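To start, the structure under review is shown below, and the notes come after it.
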Amino acid sequence: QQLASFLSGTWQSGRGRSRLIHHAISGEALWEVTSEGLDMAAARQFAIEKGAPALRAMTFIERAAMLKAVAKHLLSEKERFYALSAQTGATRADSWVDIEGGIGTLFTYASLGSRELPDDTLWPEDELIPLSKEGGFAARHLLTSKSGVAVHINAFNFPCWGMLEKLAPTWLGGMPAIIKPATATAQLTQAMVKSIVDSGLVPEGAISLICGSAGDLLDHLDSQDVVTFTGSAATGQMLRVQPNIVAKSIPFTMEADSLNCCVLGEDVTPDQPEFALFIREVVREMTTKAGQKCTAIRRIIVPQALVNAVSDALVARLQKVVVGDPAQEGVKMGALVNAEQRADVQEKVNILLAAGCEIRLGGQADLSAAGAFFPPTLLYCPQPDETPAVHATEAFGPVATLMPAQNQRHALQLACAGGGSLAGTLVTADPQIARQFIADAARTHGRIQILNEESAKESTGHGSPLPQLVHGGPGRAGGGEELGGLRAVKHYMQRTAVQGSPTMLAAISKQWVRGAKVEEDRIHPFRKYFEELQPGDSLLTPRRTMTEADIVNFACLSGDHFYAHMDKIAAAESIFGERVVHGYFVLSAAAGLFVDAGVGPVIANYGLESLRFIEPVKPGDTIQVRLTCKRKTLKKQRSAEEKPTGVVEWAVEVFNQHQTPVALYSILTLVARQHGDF
Amino acid sequence: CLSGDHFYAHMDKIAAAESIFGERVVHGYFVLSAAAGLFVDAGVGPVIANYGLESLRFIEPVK
Amino acid sequence: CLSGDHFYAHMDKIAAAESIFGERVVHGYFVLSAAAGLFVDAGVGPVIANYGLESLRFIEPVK
Amino acid sequence: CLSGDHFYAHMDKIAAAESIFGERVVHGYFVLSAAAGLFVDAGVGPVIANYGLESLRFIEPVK
């Protein structure tokens, strides 16, 4: 039963030197894996010539809708994935975090995209940048999709989450993906790829899968492609100097092994709740997935006094963890994935012991039994700041080292001695301690959890990367960045500054910008349905002359008797030099000048985005408004009965009688559409 | 009356009945202005200018 | 504000500058209403209903 | 308040209860003014003057 690869649209396999996938618990070889003789160049050319233009023709809203449909279809079929994850050595909670975290990543990126990305194939990321006096020359930054293919070389830790946390921003960015999982657990990636492909939900050529070796694929990549790697540091650093990748300047992101720490604060004493939640946190991070996640705690740093109490409590809670076959009721932590992995963990543990670490709880495994079980291992380091191997050696299993600190600053130095980590945790009750810790140690950590009694109730964990937070770190952790919300989407696009006149930039952006040509229609823009509106549709309102009576009436009705409006004496020695009109009255009277009263397509306002009061408005001044439709964004119908709407941003400009702007802002609205799309 | 905004969701009982809210509601800008009225200190002091309002969302209708 | 009539001859000094009058004037309907306010007796009496206005001309602008 | 007309049919609940309408009603002149506020176009245009009203009858009371 050889595991197939999905490239060039065909499920196929290879022939030659294979590799076997064994069952983590029983030890039997239940899959063999090979991809020799497969045409990698044809697979890349298939991804780029038909997958990429298909994905690039969709708007960001359509791609977010596709992510959501795929997430739902994957969610329905999750039982198959759970049954396959059983073969990897995982309890049901571990498989839960993997499966449902991957699918939740899809759902989160779908929501984020549909909520924040333009209804277009281009993405203007900032506002218009003015670059001249008269306004004929400006610039803004645009993001467009790269034309190549994204190759994702994943690790065995999270065969589903690791694929989907990269796949979601890749598609949202408009790029096809070629996925190469780790051979040791590729059977679980294959089934998810088959679900996605047999759903018919995604364009053709938008997903490819290489089970086995990548062959000469990297030699065929050009500068419009991207590569991501998760795994050991030697393999990643070898890929980073691949001659083709360096010659063509192909973006390369590496994520490697890190020594994640967990510091206990000096303020913490054993009679506090922080002590108990610290113990629980260390143990959960040590034993989830048998400590096989890249964010598992490897270094425990406590104050010198607390050392013996902490070491009592850790082994106490850690002896009640039953290692065994999770199919048997009573097991709380399963096996590693391989006898090879178990050998590597034992060999790292032996390195640490030879480098001067004392065993507090079992460190020797059964190097001949069938299942790849390892006992929870807790080590001790008596001399932390002269034993360099404890900050460099990472045993990829249920293994951690306890070590003592001093004076609340030695602990910071110890935390930073990791050389760059993915995740760190500080258990404390004092906010000043947490501030000092962040200020000193954020530069060597990608993510830091401050864990006190209040956050502990809903905290997601030290080891769980959330889709909205960056996942990565400097130095030993690889230097890469993932999962930062839309930051990860931008990793698959090109940022380009575009200079020109505001009308050219408005046409390039498909959004109206300041100083661009408008169009007037003698039909009020509020009477138009979403489809009949265009960016740049504009209305000049009639005028309203400000009076002292307006200042008085507004101040009375609102209750705002600030001296700059109601006190002639105090206003005389202000910067304006006399009484002025309220900013909020300019806002309200502008709404009064442009809002169409009758029932129409405009449903709600609900939003005002960036208001600045430029110049004072005085009694005797006369204001006039221009209302220009600035940006449109369709909203997908989530049902069959909800009324189809879209979001329209409107630029508002308030001028006085010298044509000088006195207020600038934008309003958001909901505008009914004529045609829904179920 | 003072602002000139006679949008039907505030001034037309019939049309407001078949809106999503289901009746007439208060203007968002009046909630804004009355909030300023509740918190602004009137006398001369260290505060010199407002000049800016940064990210306003109207969450729930006020009746 | 109360009536909703923001015709430029009353509310826009720039447009009223090049009107026939040359400045902002008072609404004719407010002249009518203020006149009613000046002559109408408030308390219960023999006058029962008003119900009618017959031939109204506005002769000269009120400033 | 603004016009000064405090005829009991609008401002006195006790006297209005004993009237033909049976409760307080809206001023006819306010119906006239608010109607002008509903139909008058504010901005500069072809309409130059108003100056005249011809045959006003108040048919039904407005509550």
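In order, the residues displayed for chain A correspond to 2-679 in Swiss-Prot numbering, which applies throughout.
According to its header, the structure was obtained by electron microscopy, 2.3 Å.
Backbone N, Cα and C atoms are what each Cβ position is placed from, and that goes for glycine too.
For A:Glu256 (active site), the same-chain residues 6+ apart in sequence whose C-beta sits under 8 angstroms from its C-beta are A:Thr229, A:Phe230, A:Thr231, A:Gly237, A:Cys295, A:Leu423, A:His472, A:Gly473, A:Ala478, A:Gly479, A:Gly481, A:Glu483. According to DSSP, A:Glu256 (active site) is assigned to a strand segment. Taken from Swiss-Prot, the feature active site covers A:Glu256 (among others).
Residues annotated as active site in Swiss-Prot, with similarity to another entry given as evidence: A:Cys295 (among others). Taken residue by residue with DSSP, A:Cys295 (active site) is part of neither helix nor strand, so it is coil.
Long-range contacts of the region 'Disordered' (A:456-484) within the same chain: residues 98, 102, 105-106, 109-110, 113, 166-167, 169, 229, 234, 237, 254-261, 263, 274, 278, 282, 285-286, 289, 294, 296-298, 393, 419-424, 426, 444-448, 450, 492, each at least 6 residues beyond the stretch ends and with a Cβ under 8 Å from a Cβ of the stretch. What Swiss-Prot records for A:456-484 is region 'Disordered'.
Under the heading compositional bias 'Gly residues', Swiss-Prot lists A:473-484.
Sorting each residue of the domain 'MaoC-like' (A:537-648) by its DSSP state yields 32 helix, 32 strand, 48 coil. Per Swiss-Prot, the feature domain 'MaoC-like' maps to A:537-648.
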Tally of DSSP helical, extended and coil residues in the compositional bias 'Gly residues' (A:473-484): 3 helix, 3 strand, 6 coil
